[PDB]
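K.L.:
Chains as they are written, first to last, in the authors' numbering: chain O, 24 to 164; chain G, 3 to 736; chain E, 453 to 752; chain H, 1 to 81; chain N, 85 to 141; chain T, 19 to 49; chain P, 1 to 39.
Every residue gets a Cβ at the ideal spot worked out from N, C-alpha and C, and that includes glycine.
Sending over a structure as structure tokens; questions will come in a sec.
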Amino acid sequence: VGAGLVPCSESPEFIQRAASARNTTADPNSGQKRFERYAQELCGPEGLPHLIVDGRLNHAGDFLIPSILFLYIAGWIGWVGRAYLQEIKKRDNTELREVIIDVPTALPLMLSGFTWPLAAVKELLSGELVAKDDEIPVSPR
Amino acid sequence: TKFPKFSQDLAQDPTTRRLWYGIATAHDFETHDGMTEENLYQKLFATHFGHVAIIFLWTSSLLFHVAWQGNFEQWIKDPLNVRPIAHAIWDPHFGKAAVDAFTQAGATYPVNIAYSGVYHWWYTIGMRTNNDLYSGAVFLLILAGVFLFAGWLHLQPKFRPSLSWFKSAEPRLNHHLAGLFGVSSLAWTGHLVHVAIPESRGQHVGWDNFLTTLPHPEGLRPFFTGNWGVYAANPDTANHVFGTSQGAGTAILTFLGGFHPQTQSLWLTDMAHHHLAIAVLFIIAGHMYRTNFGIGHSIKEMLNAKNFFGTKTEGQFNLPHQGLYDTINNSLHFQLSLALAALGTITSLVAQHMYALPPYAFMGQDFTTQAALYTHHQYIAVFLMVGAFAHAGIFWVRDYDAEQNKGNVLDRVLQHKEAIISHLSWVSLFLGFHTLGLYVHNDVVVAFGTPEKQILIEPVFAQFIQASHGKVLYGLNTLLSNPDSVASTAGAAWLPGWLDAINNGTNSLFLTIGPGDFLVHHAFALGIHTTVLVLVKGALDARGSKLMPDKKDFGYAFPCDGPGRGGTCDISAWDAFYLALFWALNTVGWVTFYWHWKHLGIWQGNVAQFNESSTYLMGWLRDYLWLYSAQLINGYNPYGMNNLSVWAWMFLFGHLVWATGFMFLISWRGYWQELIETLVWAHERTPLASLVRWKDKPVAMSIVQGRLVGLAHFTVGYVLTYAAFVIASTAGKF
Amino acid sequence: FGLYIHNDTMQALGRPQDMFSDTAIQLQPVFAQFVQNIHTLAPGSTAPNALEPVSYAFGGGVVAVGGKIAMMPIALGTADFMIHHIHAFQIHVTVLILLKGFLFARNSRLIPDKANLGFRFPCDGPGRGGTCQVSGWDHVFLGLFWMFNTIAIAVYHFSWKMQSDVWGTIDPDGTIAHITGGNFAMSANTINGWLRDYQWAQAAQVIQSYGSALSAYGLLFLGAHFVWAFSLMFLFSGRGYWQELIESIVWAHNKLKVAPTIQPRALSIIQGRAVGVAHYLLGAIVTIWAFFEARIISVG
Amino acid sequence: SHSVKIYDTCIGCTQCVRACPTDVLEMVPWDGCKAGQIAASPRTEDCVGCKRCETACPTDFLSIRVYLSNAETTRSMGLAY
Amino acid sequence: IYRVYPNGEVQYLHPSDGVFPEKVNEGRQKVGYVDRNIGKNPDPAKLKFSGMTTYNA
Amino acid sequence: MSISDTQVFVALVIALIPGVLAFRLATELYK
Amino acid sequence: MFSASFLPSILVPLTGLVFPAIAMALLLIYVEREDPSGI
Ligand SMILES: CC1=C(C/C=C(\C)CCC[C@H](C)CCC[C@H](C)CCCC(C)C)C(=O)c2ccccc2C1=O
Ligand code: SF4
Ligand code: SF4
């Protein structure tokens, strides 16, 4: 947290901005409150805070858990999409329904993405995620 | 059959395109009709000779001209202020204030300012008077002429080298890497200690007095006794002035390191010791291979080693290498590509080791010169590499045999090219998406009046490497910031002066950084990533595609393959080259403007604007785009003129050719022929002018030629304006 | 145009006597002046049962209200000449393109099957060299580019004149203090002046026109350039390249068992041309309306 | 003029011979498949580069190809003037 | 349909098969043949120092 | 200092050695 | 001016104008030559 960066608590220009900090929304405490919420980080001569990313508990949670949340949701959406696609093909109405979504079937697949990570891990160990270099017949060259 | 003779075919067509195609093949030799290898080899020998000859002529040109009508000595007297001279000016069409805004440095004729900067380098080499470079021109001229004649001689029958004489490599290897520059840097070192250092210390040593006077009073003592510290005698003092003796020195080979407190440049004795080091190092590197004599390393069979210590190998590092070492001796495009890539890389490195390590005196203070040189060299560098990639691509079609390389490392690369290009596309998409998202983040958040709701990153890896090299600014006490670690008693044996220098980060020596640098550096990453992407795509399609595999036989040529599926235009193996050229131009523009803004803020120390408006792009186009142009835009106007009118003309000329490029690029050859018909219809039927007729029946342009001319117009338009802008700004703001 | 750039060079060449305005080499559109004149004194004789002239830009008194102009007579000096003439120029070339496609629609001197084949088709193979863009709606493509130029410079001219010598403020003496100060007689004769003395005024606030209550509308002029470059990307490039990149991404997706059944295929060249020209026009017109909207807000 | 290239995949539907407006094809007697007469180019000198022919070839990887040469003339360029 | 030379002399290219059916005859002309697939194609480095085309194997 | 007719001299060294030497090195390759 | 003679006054036009003239004239008559000789 070095590099010549003053704490946002005691950076004079920080509170200087905080004084007439333009309260954005329809509540008078909007601006001031957020500046109060910006005492944990450490400002600089620009008067605005920089973010440190190291796992260092000074700013660890301020970047780690959002990353993990994104991984959660991206895994969910990718998993349910792939599962839906795999399911459609066992109907022999393939491209008919490619544009007409079968809602009574599209729902439970979406609702059943609860345990995507570890299940995916299983498909990794079972090897249920990849087809074989030559079995996949998509010809290169 | 006269023109063009080198192709009996092309002289059988009554369309003006003949001429157009007549002058786009005269330098593609192996495509001419009827010339086997040794013909090509020998005439390439001669033509390369001619190339270096005209290089010598160019050098003589510039040097004699500055010897004629310059102020080199008037630049000796008052160096840091007097401006150099390019040459005379002579044009009847000229303006009025031109003569009125040109004659300076005591001159009465229309002098032309100089910017390349040969004065500093030359005086650094130790020149004093006009006659010096007068004679210099006079003799390298005869050198050029003799070299030309040498080129002529080997054309005679009894002086025709052998193809085997060309294939044998190791002699050329040793002779070059030892006897081309090793001995040559030795000779330069001799010129340094005999002439350069004396002239630096104020003593004049001509072409006659050098025979009797010494480099060092202790000279020849450590010659053959081995106390080389004696030549490392009293170094130059802390007040010495070049060309003078105020606090002089009597040391020949020093290792002071850092800078000289007056010229803020590299020390000359460090230079001499450096050159000596690399000279002897290349000489010991000289005898490294095997010659015709019977010892050493047989290159074409060293890597023909598939056994050692029982466990045989697959090759060195345990990978196949058998059968390709003839190719580097078979093909020429291969060696050409390697050389081009190498050259471009080291040129970029050169362009990087200039603005921090001033090699010559007065380099740092004179901004315009070094700035122009930096962007000049980097621009030279960029598409120099594109040449390497293009010749790699053309090698892939012409010079390649299949069975000779069955199963070696090359084929194992081709077998998995797919994952390569896929992951490359992946990283490009990722970096682009996220950098643009963060940018637009900043834009909208600041577009609401609250900047605190906006993200600021902070790079620390470069901070760590900065302190770890020995920077103390950040106070981490690691690796020469820790003056007590294990390596804290090492480095240079004269690291105190280096430490005084680097601690004094007041000059251009590893300046601090912030979030913006994080941003733009990721932008560079993206740029080169997509550039190499398109280039390698074209390269690895030089043979054929999934939906067009035949093209290997169609050639590095036009093929269009008319509208089979929606069309197949731009599939011709250097369609990729155009795209790559665009993707390189914008990249180099990004980087050079980054450098420009950085150093501009460093000039007057006001770094606030950069760090303050680097986040959102409004700041980018508002703080530096038009906030420096009124200093240039009014070079001429309805009220007066300046010494910049020519530069505004530069601007506008460039813009014009730029848009002309668009004209050539968009419209295509299915419309520019219908009206040529009716326009031929005219001459046939008007009277008093139907007398004359056609040298040759005119038709519309060609497709590939249209693409080429459009690209040329675009690139020339891009080049000019930016140069004018940069030099005008630097010389107008300081 | 070459006359224009000739005068440009002369001004940049310290030869100002070779300029073409009133203070230099002469040319005066007498026809417009005389028609306006014969319009000035119309009532009484041509219009007996009529009280005032039809307008006040031809002739009459400067009609106004407050310190705010309503209508004053308009002056036609030297700069009018080349402006009207380049108007006519571009209209001529536009008609040229469109009528050319019109006549050479069914049969060309080389293609006798056009109407026998259609009017919306890309090309006819690399015969006779090239033949791409031989339909008619590509003629109208080029034509719409040109009419874009026409109308753009037309609105430039109109706005600049009616803010330079028609509009401003007024004093108790009827003293019309115009907004700009009559800049045509000064700079609307050379190219470098045309960029200086128009867009310096047309943008010098949009840079800072954001940042308060009745300013916060950060306009998408900063935003339209992006769509413009993204536009021009579609024009310069073919399609086979995109098709091959598509096939590679398909290979990867098929390796991970996510291959979309409906097989993607790249755009057809006419489709790509259409989307390119559409995005081009959109970006340009968005840019310009942002320009003069904010410019009027700076005075209205 | 330009060069023409023939293969074995000619099924013999003969849609190309009815498509080329330049009289550069003919079905010479063959034996291999049910075709018995395979297309070929006897009169290359009038080739035009329109290549409407292979667009009329239905065979997978259409049986005819045209290698577009470089020895063009007033005939291969097709000018009425 | 008749081609004419500059001298005023004429050529009779077509009709050569009556109604231009382009496939019917009892035996036909024979000049030049290439009945070979593409998988084995001509090569740059193998075919060199001459000016023949993609056909002679 | 600066120079005199000696510049006509340095002009005279050209047009025989470099001039026709380059002329021959050009015309060697059969226009 | 300086210690040189008039030369920079008039030696540009011939290089500027007449030498290009003969260059292009000779070139054009070259690109129409008969067979099989040519200079
Ligand atoms: C304009 C244009 C043409 C027409 C261009 C032509 C016909 C060439 C222009 C004619 C010459 C080059 C004009 C120059 C003539 C000089 C004035 C004569 C030189 C003599 C001086 C040196 C004295 C094409 O053929 C074409 C083809 C494919 C895509 C785009 C285009 C395209 O945009
Ligand atoms: S090439 Fe096509 S049209 Fe000709 S014979 Fe074969 S299948 Fe029939
Ligand atoms: S372009 Fe095609 S259809 Fe026309 S003559 Fe040639 S091969 Fe026959």
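Identify the contact partners of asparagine 613 of chain G in chain O, using a Cβ-Cβ distance below 7 Å as the criterion.
P.N.:
Taking the second sequence and counting its residues from 1, one reaches residue 613 of chain G at position 611. Those within 7 Å of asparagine 613 of chain G in chain O are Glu69.
K.L.:
Could you give the residue range of the beta strand (DSSP E) that holds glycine 620 of chain E?
P.N.:
On the third sequence, position 168 is the one that residue 620 of chain E refers to. Taken as a continuous stretch (DSSP letters only), the beta strand (DSSP E) holding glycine 620 of chain E covers 620-622.
K.L.:
Does any CB atom of chain T fall closer than 8 Å to the CB of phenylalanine 19 of chain P?
P.N.:
To locate residue 19 of chain P, count along the seventh sequence from 1; it is residue 19. Chain T contact via Cβ: absent.
K.L.:
Would a check of beta-carbon distances place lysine 548 of chain G closer than 8 Å to chain O?
P.N.:
Position 546 of the second sequence, counted from the start, is the residue given in the question as residue 548 of chain G. At least one chain O Cβ lies under 8 Å of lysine 548 of chain G.
K.L.:
Quick one: grab the DSSP three-state call for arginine 747 of chain E.
P.N.:
As a position in the third sequence, residue 747 of chain E is number 295, starting the count at 1. Helix.
K.L.:
Going along the chain, which unbroken runs of the alpha helix (DSSP H) with 4 or more residues stay wholly within the stretch 530-575 of chain G?
P.N.:
Runs of the alpha helix (DSSP H) inside the stretch 530-575 of chain G: 553-556.
K.L.:
Determine the extent of the alpha helix (DSSP H) in which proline 36 of chain T is found, giving its start and end residues.
P.N.:
For the purposes of this step, residue 36 of chain T is identified with residue 18 of the sixth sequence, where counting begins at 1. Start and end: 35-45.
K.L.:
Assuming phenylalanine 319 of chain G and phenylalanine 397 of chain G make a contact with CB atoms under 8 Å, what is their CB distance in whole Å?
P.N.:
Here residue 319 of chain G corresponds to residue number 317 of the second sequence, with the count starting at 1. Here residue 397 of chain G corresponds to residue number 395 of the second sequence, with the count starting at 1. Not a contact, Cβ separation roughly 24 Å.
K.L.:
Could you tell me which of G:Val462, G:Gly477, G:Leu482 and G:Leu478 sits nearest to residue 2 of chain G, measuring between CA atoms?
P.N.:
Here chain G has residues from 3 to 736 only, and residue 2 of chain G is not among them.
K.L.:
Taking buried to mean at least 16 other C-beta atoms within 10 Å of its own C-beta, is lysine 539 of chain G buried or exposed?
P.N.:
Walking along the second sequence from the start, residue 539 of chain G turns up at place 537. Classification for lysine 539 of chain G: buried.
K.L.:
Quick one: give me the first and last residue of the beta strand (DSSP E) that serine 3 of chain H is part of.
P.N.:
In the fourth sequence, counting from the first residue as 1, residue 3 of chain H sits at position 3. Per DSSP, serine 3 of chain H belongs to the beta strand (DSSP E) from 3-5.
K.L.:
Using the C-alpha atoms, what's the distance from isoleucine 25 of chain G back to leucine 216 of chain G?
P.N.:
Taking the first residue of the second sequence as position 1, residue 216 of chain G is located at position 214. Taking the first residue of the second sequence as position 1, residue 25 of chain G is located at position 23. Roughly 58 Å separates the two Cα atoms.
K.L.:
Need the endpoints of the alpha helix (DSSP H) that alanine 41 of chain O sits in, please.
P.N.:
Counting from one through the first sequence, the residue named residue 41 of chain O turns up at place 18. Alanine 41 of chain O -> alpha helix (DSSP H) spans 35-42.
K.L.:
Taking only the alpha-carbon atoms, compute the straight-line gap between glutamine 63 of chain O and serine 32 of chain O and give it to the nearest angstrom.
P.N.:
As a working mapping, residue 63 of chain O is identified with position 40 in the first sequence. As a working mapping, residue 32 of chain O is identified with position 9 in the first sequence. Answer to the nearest angstrom: the Cα atoms are 7 Å apart.
K.L.:
Nearest-angstrom Cα distance between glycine 519 of chain E and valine 659 of chain G?
P.N.:
Counted from its first residue, the third sequence places residue 519 of chain E at position 67. Counted from its first residue, the second sequence places residue 659 of chain G at position 657. If I take the Cα positions, the gap works out to 47 Å.
K.L.:
For a test of your reading of the model: does the CB of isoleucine 11 of chain H fall under 7 Å from any non-hydrogen atom of ligand 2? Yes or no.
P.N.:
Within the fourth sequence, numbered from 1, the residue matching residue 11 of chain H stands at position 11. Answer for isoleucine 11 of chain H: yes, Cβ within range of ligand 2.
K.L.:
Thinking just about the alpha-carbon of each residue, which of E:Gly675, E:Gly626 and E:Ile605 is nearest to the one in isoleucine 659 of chain E?
P.N.:
Taking the third sequence and counting its residues from 1, one reaches residue 659 of chain E at position 207. Of the listed residues, the one whose Cα sits closest to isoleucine 659 of chain E is E:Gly675.
K.L.:
Check this for me: beta carbons of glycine 656 of chain G and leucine 646 of chain G, under 8 Å apart or not?
P.N.:
Indexing the second sequence from 1 puts residue 656 of chain G at position 654. Indexing the second sequence from 1 puts residue 646 of chain G at position 644. No. Outside cutoff.
K.L.:
Any heavy atom of ligand 3 inside 7 Å of the beta-carbon of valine 702 of chain E?
P.N.:
The residue labelled residue 702 of chain E in the question sits at position 250 within the third sequence. Because no heavy atom of ligand 3 lies under 7 Å away, the Cβ of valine 702 of chain E does not count as near it: no.
K.L.:
So does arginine 292 of chain G have its beta carbon nearer than 7 Å to some heavy atom of ligand 3?
P.N.:
Translated into the one-based positions of the second sequence, residue 292 of chain G becomes position 290. No; taking the cut-off as 7 Å, the Cβ of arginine 292 of chain G has no heavy atom of ligand 3 nearer than that.
K.L.:
How about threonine 315 of chain G and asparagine 309 of chain G: are their beta carbons less than 8 Å apart?
P.N.:
Against the second sequence, residue 315 of chain G aligns to sequence position 313. Against the second sequence, residue 309 of chain G aligns to sequence position 307. Yes, the Cβ-Cβ distance between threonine 315 of chain G and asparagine 309 of chain G is below 8 Å.
K.L.:
Along the stretch 679-704 of chain G, what residues have a CB closer than 9 Å to any CB found in chain H?
P.N.:
Listed by position along the chain: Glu679, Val682, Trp683, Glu686, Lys699 and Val701.
K.L.:
Look at the Cβ atom of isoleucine 714 of chain E, then the Cβ atom of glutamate 118 of chain O, and state whether they are nearer than 8 Å.
P.N.:
Taking the third sequence and counting its residues from 1, the one referred to as residue 714 of chain E is at position 262. Taking the first sequence and counting its residues from 1, the one referred to as residue 118 of chain O is at position 95. Yes, the Cβ-Cβ distance between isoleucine 714 of chain E and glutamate 118 of chain O is below 8 Å.
K.L.:
Give me the chain T residues within the contact set of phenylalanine 2 of chain P, using Cβ-Cβ distance strictly less than 8 Å, ordered along the chain.
P.N.:
In the seventh sequence, residue 2 of chain P corresponds to position 2, counting from 1. Going along chain T in sequence order, the residues near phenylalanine 2 of chain P (Cβ under 8 Å) are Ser20.
K.L.:
Closer than 7 Å by beta-carbon distance: list the chain G residues that pair up with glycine 38 of chain P, in chain order.
P.N.:
Locating residue 38 of chain P in the seventh sequence gives position 38, counting from the first residue. Here the neighbours are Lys4.
K.L.:
Could you tell me if the beta carbon of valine 48 of chain H falls within a distance shorter than 7 Å of some heavy atom in ligand 3?
P.N.:
Indexing the fourth sequence from 1 puts residue 48 of chain H at position 48. Yes - ligand 3 has a heavy atom lying nearer than 7 Å to the Cβ of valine 48 of chain H.
K.L.:
Would you tell me roughly how many angstroms separate the C-alpha atoms of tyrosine 720 of chain G and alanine 661 of chain G, rounded to the nearest one?
P.N.:
Here residue 720 of chain G is taken as the residue at index 718 of the second sequence, counted from 1. Here residue 661 of chain G is taken as the residue at index 659 of the second sequence, counted from 1. Distance between the alpha carbons of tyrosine 720 of chain G and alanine 661 of chain G is about 10 Å.
K.L.:
Let me check you understand the geometry: is the CB of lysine 51 of chain H closer than 7 Å to at least one non-hydrogen atom of ligand 3?
P.N.:
By one-based count along the fourth sequence, residue 51 of chain H stands at place 51. Indeed, a heavy atom of ligand 3 lies less than 7 Å from the Cβ.
K.L.:
Interface residues of chain G around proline 126 of chain N at Cβ under 9 Å?
P.N.:
Position 42 of the fifth sequence, counted from the first residue, corresponds to residue 126 of chain N. The answer, in chain order, is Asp555.
K.L.:
For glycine 67 of chain O, which of helix, strand or coil comes out of DSSP?
P.N.:
As a first step, residue 67 of chain O must be located in the first sequence, where it is residue number 44. It is coil, neither helix nor strand.
K.L.:
Run through chain H and tell me which residues come within less than 8 Å of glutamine 113 of chain N, C-beta to C-beta.
P.N.:
What you label residue 113 of chain N is simply residue 29 of the fifth sequence in a count that begins at 1. Within chain H, the residues near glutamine 113 of chain N are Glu26, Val28 and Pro42.
K.L.:
Can we say the stretch 572-590 of chain G touches the stretch 385-394 of chain G, given the rule of at least three CB pairs closer than 8 Å?
P.N.:
Verdict: yes, contact present.
K.L.:
Quick check for students: name the residue ranges of the alpha helix (DSSP H) that lie wholly in the stretch 462-502 of chain G, counting only runs of 4 or more.
P.N.:
Listed in chain order, the complete alpha helix (DSSP H) runs (minimum 4 residues) inside the stretch 462-502 of chain G are 463-471.
K.L.:
Using a cut-off of 9 Å between C-beta atoms, extract the partners of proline 16 of chain G located in chain H.
P.N.:
For the purposes of this step, residue 16 of chain G is taken as the residue at position 14 of the second sequence. Within 9 Å Cβ-Cβ: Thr73 and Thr74.
K.L.:
Is it true that the stretch 558-566 of chain G meets the stretch 705-712 of chain E, where meeting means three or more beta-carbon pairs spaced less than 8 Å apart?
P.N.:
Judged by Cβ distances under 8 Å, the stretch 558-566 of chain G makes no contact with the stretch 705-712 of chain E, as fewer than three pairs qualify.
K.L.:
Am I right that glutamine 585 of chain E and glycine 672 of chain G are in contact with their C-beta atoms under 8 Å? What's the rounded C-beta distance?
P.N.:
For the purposes of this step, residue 585 of chain E is taken as the residue at position 133 of the third sequence. For the purposes of this step, residue 672 of chain G is taken as the residue at position 670 of the second sequence. The Cβ separation is near 4 Å, so the contact holds.
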